[PDB]
Amino acid sequence: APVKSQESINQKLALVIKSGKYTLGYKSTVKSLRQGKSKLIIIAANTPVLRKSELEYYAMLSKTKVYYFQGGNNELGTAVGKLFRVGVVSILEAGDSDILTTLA
């Protein structure tokens with residue numbers, strides 16, 4: 001999270017989710033990252049050190065990037081699912097906008 005860009009990652013990631021391949025929620029990401037073919041993970045959820053370290057480990061095993069958006073509330077829920085607050089996300093094919101090569 002670059003200081004002002006809490007809207008930009010939201011907008012660009014929803015703009016991607018319009019047709020690109022994503023996953024939502026801890027088990028969903030963990031599964032999908034253990035499936036290797038991920039490229040970018042987002043953590044916008046109250047995620048402690050061991051929990052982030054596990055996601056970060058799968059983002060290291062898979063040849064992936066980690067993006068912390070850990071506002072301690074729900075700020076990416078806006079882009080992804082609107083209802084749940086746990087903004088833990090990952091993207092596998094951004095076949096829409098360049099997010100995994102610019103938000104890199």
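Every number here is computed from the coordinates shown, using simple stated rules; none is lab data. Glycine gets a Cβ as well: all are built from the backbone with ideal geometry, and neighbour counts include every protein chain shown.
If you take the square roots of the eigenvalues of the alpha-carbon gyration tensor of the stretch 18-63 and sort them as a ≥ b ≥ c, do you get rounded (a/c under 1.5), prolate (a/b over b/c) or oblate? Could the numbers behind the result be given before it?
Numbers: a/c = 2.02, a/b = 1.30, b/c = 1.56.
The shape class here is oblate.
First select every other residue whose beta carbon is under 9 angstrom from the beta carbon of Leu103; then total the charges, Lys and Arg +1, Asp and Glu -1. Around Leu103, the charge tally is +1.
Other residues with beta-carbon under 12 Å from the beta-carbon of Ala94 carry, at +1 per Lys or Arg and -1 per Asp or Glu, a net charge of +2. Its relative contact order, with pairs defined as Cα atoms under 8 Å and 6+ residues apart, puts the chain at 42 percent. Placing pseudo-labels 7 Å out from each Cα toward the beta carbon at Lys27 and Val66 gives an inter-label distance of 2.3 nm.
Volume per residue of the convex hull around the Cα atoms, evaluated for the chain, comes out as 87 Å³. For the chain, the Cβ-based charge dipole about the Cα centre amounts to some 260 debye (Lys, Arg positive; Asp, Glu negative; other atoms uncharged).
If you filter the stretch 5-88 for trypsin sites (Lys or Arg not before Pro), then keep DSSP loop positions with at most 12 other Cβ within 10 Å, what is left?
Details: sites: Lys12, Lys18, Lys21, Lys27, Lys31, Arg34, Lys37, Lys39, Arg51, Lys52, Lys63, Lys65, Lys82, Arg85; in loops: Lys18, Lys37, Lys39, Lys63, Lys82, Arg85.
In loop regions of the stretch 5-88 (DSSP not H, G, I, E or B), the sparsely surrounded trypsin sites (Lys or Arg not before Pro) are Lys18, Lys37, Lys63, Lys82.
For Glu54, what charge total do you get from the other residues with a beta carbon under 12 Å from its beta carbon, if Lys and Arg give +1 and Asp and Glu give -1? Combined, the nearby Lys, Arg, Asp and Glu give +3. Remark on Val66: its backbone amide H falls under 5 Å from those of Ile41, a criterion applied only to residues 5 or more positions apart or on other chains, H modelled at 1.01 Å from N.
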